[PDB]
Amino acid sequence: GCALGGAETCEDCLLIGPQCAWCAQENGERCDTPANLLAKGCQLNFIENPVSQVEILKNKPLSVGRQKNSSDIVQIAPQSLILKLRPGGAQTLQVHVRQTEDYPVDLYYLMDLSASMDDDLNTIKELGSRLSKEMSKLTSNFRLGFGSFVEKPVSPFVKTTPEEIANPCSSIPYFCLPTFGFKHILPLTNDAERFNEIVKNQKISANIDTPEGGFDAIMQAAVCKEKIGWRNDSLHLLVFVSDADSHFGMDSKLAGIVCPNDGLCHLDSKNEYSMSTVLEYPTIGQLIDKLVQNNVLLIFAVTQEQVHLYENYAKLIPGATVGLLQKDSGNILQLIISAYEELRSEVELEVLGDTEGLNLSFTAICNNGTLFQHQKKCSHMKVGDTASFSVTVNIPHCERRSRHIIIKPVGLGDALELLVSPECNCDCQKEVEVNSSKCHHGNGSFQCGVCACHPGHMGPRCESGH
Amino acid sequence: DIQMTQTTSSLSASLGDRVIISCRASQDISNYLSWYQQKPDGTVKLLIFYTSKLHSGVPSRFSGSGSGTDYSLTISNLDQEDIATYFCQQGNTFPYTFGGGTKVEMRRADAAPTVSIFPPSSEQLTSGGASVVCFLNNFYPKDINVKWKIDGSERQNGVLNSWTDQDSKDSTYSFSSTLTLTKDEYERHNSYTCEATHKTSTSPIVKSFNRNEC
Amino acid sequence: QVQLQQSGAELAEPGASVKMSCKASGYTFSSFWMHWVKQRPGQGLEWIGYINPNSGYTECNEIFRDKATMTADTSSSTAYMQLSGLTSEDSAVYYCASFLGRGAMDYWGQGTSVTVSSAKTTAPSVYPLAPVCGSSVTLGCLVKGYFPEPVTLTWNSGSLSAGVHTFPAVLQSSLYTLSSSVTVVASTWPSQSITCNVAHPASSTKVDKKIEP
Amino acid sequence: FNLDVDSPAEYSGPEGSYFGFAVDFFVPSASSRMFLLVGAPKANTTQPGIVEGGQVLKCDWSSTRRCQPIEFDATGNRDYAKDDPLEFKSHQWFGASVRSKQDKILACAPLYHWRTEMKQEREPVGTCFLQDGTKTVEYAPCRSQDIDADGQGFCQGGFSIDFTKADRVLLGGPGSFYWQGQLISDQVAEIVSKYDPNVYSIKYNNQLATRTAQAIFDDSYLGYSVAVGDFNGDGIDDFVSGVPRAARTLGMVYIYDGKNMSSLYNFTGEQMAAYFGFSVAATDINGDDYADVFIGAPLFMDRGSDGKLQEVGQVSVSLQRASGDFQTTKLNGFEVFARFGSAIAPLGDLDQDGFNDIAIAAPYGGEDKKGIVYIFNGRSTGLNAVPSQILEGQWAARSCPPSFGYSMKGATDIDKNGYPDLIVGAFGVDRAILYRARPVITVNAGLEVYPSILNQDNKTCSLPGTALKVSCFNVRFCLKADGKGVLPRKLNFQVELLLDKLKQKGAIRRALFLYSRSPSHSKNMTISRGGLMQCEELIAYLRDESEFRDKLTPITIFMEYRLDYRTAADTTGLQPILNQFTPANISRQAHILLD
Ligand SMILES: *[C@@H]1O[C@H](CO)[C@@H](O[C@@H]2O[C@H](CO)[C@@H](O[C@@H]3O[C@H](CO[C@H]4O[C@H](CO[C@H]5O[C@H](CO)[C@@H](O)[C@H](O)[C@@H]5O)[C@@H](O)[C@H](O[C@H]5O[C@H](CO)[C@@H](O)[C@H](O)[C@@H]5O)[C@@H]4O)[C@@H](O)[C@H](O)[C@@H]3O)[C@H](O)[C@H]2NC(C)=O)[C@H](O)[C@H]1NC(C)=O
Ligand SMILES: *[C@@H]1O[C@H](CO)[C@@H](O[C@@H]2O[C@H](CO)[C@@H](O[C@@H]3O[C@H](CO[C@H]4O[C@H](CO)[C@@H](O)[C@H](O)[C@@H]4O)[C@@H](O)[C@H](O[C@H]4O[C@H](CO)[C@@H](O)[C@H](O)[C@@H]4O)[C@@H]3O)[C@H](O)[C@H]2NC(C)=O)[C@H](O)[C@H]1NC(C)=O
Ligand SMILES: *[C@@H]1O[C@H](CO)[C@@H](O[C@@H]2O[C@H](CO)[C@@H](O[C@@H]3O[C@H](CO)[C@@H](O)[C@H](O)[C@@H]3O)[C@H](O)[C@H]2NC(C)=O)[C@H](O)[C@H]1NC(C)=O
Ligand SMILES: *[C@@H]1O[C@H](CO)[C@@H](O[C@@H]2O[C@H](CO)[C@@H](O[C@@H]3O[C@H](CO)[C@@H](O)[C@H](O)[C@@H]3O)[C@H](O)[C@H]2NC(C)=O)[C@H](O)[C@H]1NC(C)=O
Ligand SMILES: O=C(O)[C@H](c1cc(F)ccc1[C@@H]1CCCCO1)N1CC[C@@H](OCCCCc2ccc3c(n2)NCCC3)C1
Ligand SMILES: *[C@@H]1O[C@H](CO)[C@@H](O)[C@H](O)[C@H]1NC(C)=O
Ligand SMILES: [Ca+2]
Ligand SMILES: [Ca+2]
Ligand SMILES: [Ca+2]
Ligand SMILES: [Ca+2]
Ligand SMILES: [Ca+2]
Ligand SMILES: [Ca+2]
Ligand SMILES: [Mg+2]
């Protein structure tokens, strides 16, 4: 089986097959099954056959029950592993996840403030207090922030007459503030009445084309960790509230903006997005990258007319969901609580790092050992239940560099650090014994029971010269 | 609204002459003034827009000038096809408003009208009613007055008149006057007279007949 | 090669309404405003309003705010105007005209006459006009009490045209009256026969009236 | 594969002017010297009071390598009234799109704004200028009386443009009718003849234009990109246009009949927010005289081996068929976030093999976002999936990324050497670059080994030394070459032979050459175009049976042939290159007889 093409060097032998071994000396075709090599006469000490193995470095048990100290919370176990993979070999890791009963929650409320959201502002005047009262039944550490968006304030998305720049609703007439891209207004805080106050002080704006510029704001809300206020080791809920389509990517080319979004924080002194008129809208791909990297869960709270669009976006975005929002945000409190309860009743695995080129297979075991499914998600679980995952990992070719990888639940910071190290070299490879007697008086090197010839000498023992 | 007034409503010109038509607005119209030609058949064409700009397909003979409230159209080297009515129009402010119009008619040597009077037809009298028709043909200039005297007394009650457009071959006009009565009234008087007064003769041309007589 | 083709003459009783059309060709109809202008017989030009064909937006002279309503059919490149609540003051020729820009209207339709009258289609009475009991001689016709316009009149089926004067029709007790004169050489009448040919299509009427004495 | 990357012509513009945002060739009708057209939409001009009006430049080919602005319009903003501009040319992006056909040059300003005559507005109807030698006219088909977003006030006409075969213009305006977008086509003869500077909205006869539709189609961006080709076989070019926000951001491409603007065919993207339709092109790639459609989706995300979505971009290739159907294939980008497919440029027949070719740009790929352009060769089946060349941008920038490849134009033989050449724009470093196509030498090689079967006991040959004979055979290698275009009639080939090549590092080579006593022989050769097969024989033999116990594996005779490119150069400085699609090695094998 393993005696096929090639197979004339120990390193070459390992490459073709995971279950191939290599013999040393005799008492050509030394590449075969370890049992066959013993049958041919190879001793157990001489047989050479590295095998994929897993080393457990950190495996603190999953924490049970509410924890009074944020440091004794353990939601993923094991925490660190070294996976030595033989080239072509496959290993299955068991990963266990359990959501702790009290976990902090950050919620950044990101709201469309174009002219159709005036009614919406009126009905959320006490959302801050109503919301943190409900969230206090579920977590003891709820913080909330606020931000607003409209549109890139440039032609052709706004009128550019003096009158319309000063007041984009001057034509109605109605009091609107100048069009703006993204205003970060309230960093995350436990002060719910402060949230109430800032909402009560907000005034609508306007612009002239239906799709809005909220994707700019999502990028900034996800990436501006310090200014937004995201804390480690909490949930990060970004609630996007709009009744409109979203501009993306090269839509900004109409406005002469043709420099791709750069994925960096650009909040200026006024805490406004300062590249609004300079950088393209983000692409979905760019948003995915930064939402995953900052561990931010996106909740699309959008009206009936937009749900199907944003559902299709959410399919592409890990951890994203969609709630159906009323024309006046009358139900936004119920949307948020529902989305939060869904998140607490689910566990979805995520794998980050140098994964390109790896084969991964996932099997999830839910409801203790009863249910097996070939997904990376367990659902309909009670908080405190444990979701287990089989994660099979395979490297197809041999490599030189180790891979640093992370396995974590979507939405949570608890991470399993995984080091994938190739094992495509034999033990005998490092004992060359150069110029050995066994290769026609030093015309080669005796490595693994075979002669590696010096230049200008060909043969099984390097016995002829050219 | 902006009131537009073309002082002269009619003017006469010879082939090749230079014709100037003036238009005055009641306010500054900032050169948004256009000129239109209306031919006898009702066809309307734009000639000049924005005071002096020529519309495509319009001959160079037409040009326009002015600013503020006073504007003028100029036809140099008048052509036979240029006999028409010309209107100005301001487009500075709604509603758009036109001037009353200026008619340009060919000049001609004065010509006396050929007059003919006609008694009611036999067919009309059996039906009841009587119309006396008087034709004044091929006279220049257009101005003329018709008086109906049955027995030295003007009637001026049942009369109806009609005028022709200026004739193309010869720049003359023509005139039909019809005095309509009842058959009863017609048969009460004897003489019937169609009286025409024209610039060319101091004495009114008179055509008349006597009903009884033949 | 811009052409605005307007629909035919309209007739209606007082208080009724009429709708006329104006089809455009030679340019992209939906990119230019259409203007409407009213000319009363023996009177000047009066601006009614305009329509933006593609959006339906309209502006009107205050006079016609309740009188007219403008519409447009972009798929057939046709503008429409409806006149409602008709009176005799609404009898006129109505023109459509595309907007040049620069506050001017660059191309005009031929006009659509609107006649507001209670009269009903009445056939003409054609009366021969001979002189009374001399190098040339003038004969005539009288076409009285017909409705509606038009009538067509010829002499010897159009053989005689030079020396013919046909006058415009005039209203007479709510009906139209018309006259025509023909002039020939005195030697050629009565020796040859001269006949008035009158046709009123609206009545399927065709009369020929010869003039004898 | 034959583009010269060693010595490309390099052109520059003012810093920050986006020089290279648009590129085209300019070939006058009098067979005059050819030029390069380069748009610099942010360049400052001499127009009174105008900041960053933008300009289009004409660049000499190699006489001086100099670029001079073309004076389409020297004036500033016309005034409606005192202190009341009729139009606003500052930051109008003139030169954002540039296209040329013979004497005619069309350049547009998609962000030109105008006031209208009723109210003080600032509506980006866009404008264009058409130059035909002495005469220059303005072409603003969207500057009409259909005002505001409802109408054509935000159309931005000229955002994309093309010329038809029959001197019609195709113009895209992505903002019309609440960003539904619009296509407008006018005859160039109408555009010039009806131009009147006193009329701001010109009535063009025989104008074709898409019509306003239901609100559901709002925000689709029809006219974002355009291309022209015949797709109902009547000889009249039809209109192809990208519609990248249509179908709830799946993207669509509309094809309309070029005679009456009737809808003909549609394409729809497969992935949300891929920007399917960002770029479109039409060219016959498989040599059946049927135009084929190319559509770019630069944001398309592919699933990787690990299962992660990665934004690499995608291009779809649709071959037109007589029946009217299309045969579609997809081409994926190679680098994440590189936006493969941002620009698609028909190249003509780059290698003069009978099949047209194309270039696809990845403006943000490569090291430090320097940009990459991929060359794909056509064939009878369709487009070859693997790129045969990779052009790499060489310049880095300090603000906006270089964007090498964001615009491209090929299919013009600017040096008259018989192969079309390529312009690549790089507006983020204010650079435009011409790459010249090298002549392609096709080689026919032959290698004959006789006798094929070898009997060790058949020793009829005597070595130069004492030896006492060996078993021998003959090897005869032949080589023949020709080319198309400017080429010399004499070429120096390096030919190498290697006996028993199968045996690798540390294995016995059973056959050796008679003279050399080594398994390798190298021979320099001289061949002339069109010539006859030029052959050479030599003799080889087998070692004594004592020295190898492998008589089973066949003995392979291997032949390589390379060419010295420097010696074949021409007045241009342009070395030819070997046709990469015929392999430059051949091999035969002998066998040891058994008993
Ligand atoms: C917008 O313009 C369109 C093109 O002008 C127009 O489409 C045209 O419509 C008319 C009437 O509806 C058709 O005429 C009808 O023809 C049928 C039979 O047609 C068949 O034969 C003709 C003749 O072939 C010759 O010409 C072609 C050039 O196209 C040559 O290659 C060929 O070798 C011959 O010399 C053929 O053109 C037709 O082919 C068309 O349709 C077929 C089937 O759909 C396609 O396979 C093909 O690609 C092409 O599209 C067809 O095989 C007859 O029965 C009728 O009585 C009438 O005479 C035109 O053929 C048609 N032309 C097209 C489609 O190119 C649109 O109607 C117009 N839209 C609007 C709104 O005005
Ligand atoms: C490629 O893809 C494009 C876009 O998807 C398609 O283009 C669309 O085609 C549809 C179908 O023809 C078009 O919809 C049609 O619009 C007509 C115009 O409607 C007038 O009246 C309405 C009143 O509601 C106005 O709002 C409107 O502005 C017009 O004034 C309708 O009359 C059509 O209705 C007919 O078909 C429908 C089908 O449901 C019937 O129910 C009706 O009874 C009636 O018979 C129809 O709705 C649409 O406008 C096009 N969009 C664009 C942007 O062009 C192409 O057809 C497609 N091409 C191919 C080859 O697949
Ligand atoms: C074309 O010429 C104009 C001047 O007529 C140049 O614009 C001027 O130069 C820079 C823009 O690059 C501006 O200075 C900058 O100001 C901003 C805000 O004030 C500040 O953030 C920067 O640090 C820098 O100081 C200047 O205001 C601007 N003036 C304008 C636009 O009116 C323009 O750069 C020239 N472009 C080219 C391509 O040559
Ligand atoms: C033993 O070895 C030699 C090879 O060195 C053989 O003699 C050679 O036989 C070949 C036949 O394959 C002769 O080739 C000739 O070439 C052309 C056509 O290709 C033409 O001359 C003949 O038709 C013939 O095919 C070759 O001349 C001859 N000599 C040499 C030096 O190669 C010999 O045949 C081998 N074995 C036996 C049993 O003879
Ligand atoms: O978001 C905003 O700030 C602003 C808004 C919202 C609001 F609630 C009140 C007011 C406004 C602002 C307020 C100041 C002036 C502009 O409107 N949105 C943005 C896009 C605009 O809505 C487009 C409807 C398209 C539907 C249609 C209408 C007609 C046509 C077509 N589509 N398609 C083709 C042509 C005919 C209003
Ligand atoms: C947690 O925050 C600390 C500083 O507050 C920072 O050093 C660390 O990087 C954060 N966690 C992660 C996973 O980055
Ligand atoms: Ca609302
Ligand atoms: Ca918007
Ligand atoms: Ca066609
Ligand atoms: Ca093809
Ligand atoms: Ca080719
Ligand atoms: Ca060339
Ligand atoms: Mg909005």
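For the numbers below, each heavy atom of this structure counts, side chains included, while hydrogens, waters and symmetry mates do not. Per chain, numbering begins at 1; letters A, B, ... match sequence-line order.
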* Between D:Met272 and A:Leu309, is a side-chain contact (heavy atoms from CB on, under 4.5 Å) present by the stated rule, with each step listed? -> CA-CA 9 Å; D:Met272 297 248 155; A:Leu309 175 79; 4.2 Å; yes
* Region of A:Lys315 that comes under 4.5 Å of a non-hydrogen atom in chain D -> neither
* Can you establish whether the number of heavy atoms outside D:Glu121 located under 6.0 Å from its atom CD is more than 12? => yes
* Flag side-chain contact, heavy atom, 4.5 Å: A:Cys453 against D:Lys505 -> no
* Has D:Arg248 got more than 12 heavy atoms of other residues, nucleotides or ligands less than 6.0 Å from its CZ? -> yes
* **Flag if over 12 foreign heavy atoms under 6.0 Å of CG, D:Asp368** => no
* Segment of A:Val351 engaging chain D (4.5 angstrom heavy-atom cut-off) -> backbone
* Would you say A:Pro260 and D:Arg339 make side-chain contact, with heavy atoms under 4.5 Å? -> yes
* To do: Pick one of side chain, backbone, both or neither for A:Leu358, based on which atoms fall under 4.5 Å of a heavy atom in chain D.
  => backbone
* Are A:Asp262 and D:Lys369 within salt-bridge range, i.e. N to O under 4.0 Å? -> no
* Structural part of D:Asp218 lying under 4.5 Å from a heavy atom of chain A -> neither
* Option in D:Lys42, D:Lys308, D:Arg115, D:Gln120 with maximal non-hydrogen atom pairs under 4.5 Å from chain A -> D:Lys308
* Is A:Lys159 close to D:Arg122 at the side-chain level, that is, under 4.5 Å between some pair of heavy atoms? -> no
* Structure fact -> Bottom line for A:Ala255: the part with an atom under 4.5 Å from chain D's heavy atoms is backbone
* Residue D:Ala149 versus chain A: region with a heavy atom under 4.5 Å -> neither
* From D:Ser520 OG over to A:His466 NE2, what is the distance, rounded to the nearest 0.5 angstrom? -> 7.0 Å
* Relative to chain A, which segment of D:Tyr224 carries a heavy atom at a distance below 4.5 Å: side chain, backbone, both, or neither? -> side chain
* Asked: Given a strict heavy-atom distance threshold of 4.5 Å, which part of D:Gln504 is in contact with chain A: side chain, backbone, both, or neither?
  -> neither
* Go through the atoms of D:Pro110 and report whether side chain, backbone, both or neither lie under 4.5 Å from a heavy atom of chain A. => neither
* With a 4.5 angstrom heavy-atom cut-off, which part of D:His113 approaches chain A: side chain, backbone, both or neither? -> side chain
* Asked: If you draw a 6.0 Å radius around CD in A:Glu311, do more than 12 non-hydrogen atoms from other residues or ligands fall strictly inside?
  -> yes
* Asked: By a 4.5 Å heavy-atom criterion (distance strictly below it), what part of D:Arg245 contacts chain A: side chain, backbone, both, or neither?
  -> side chain
* Considering only heavy atoms, which portion of D:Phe548 lies under 4.5 Å from any heavy atom of chain A: side chain, backbone, both, or neither? -> neither
* **Shortest non-hydrogen separation from D:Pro298 to A:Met250 and the atoms involved** => CG-CE, 4.1 Å
* **Non-hydrogen side-chain atoms of D:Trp179 and A:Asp251 separated by less than 4.5 Å** => no
* **Which atoms of D:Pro41 approach chain A - backbone, side chain, both or neither, heavy atom under 4.5 Å** => neither
* Asked: Does the side chain of A:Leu254 reach to within under 4.5 Å of the side chain of D:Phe159, using non-hydrogen atoms?
  -> yes
* **Beyond-backbone contact of D:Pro174 with A:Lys253, side-chain heavy atoms, under 4.5 angstrom** => no
* Asked: Is there side-chain contact between D:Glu547 and A:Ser464, with heavy atoms separated by less than 4.5 Å?
  -> no
* Could you tell me which residues in residues 279-292 of chain A have at least one non-hydrogen atom under 4.5 Å from a non-hydrogen atom of chain D, sorted by residue number? => A:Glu280, A:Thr283, A:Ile284, A:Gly285, A:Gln286, A:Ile288, A:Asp289
* Among D:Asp306, D:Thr249, D:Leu299, D:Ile508, which residue forms the greatest number of heavy-atom pairs with chain A at distances under 4.5 Å? -> D:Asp306
* For chain A, which of D:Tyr18, D:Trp93, D:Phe154, D:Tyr275 has the most heavy-atom pairs under 4.5 Å? -> D:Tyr275
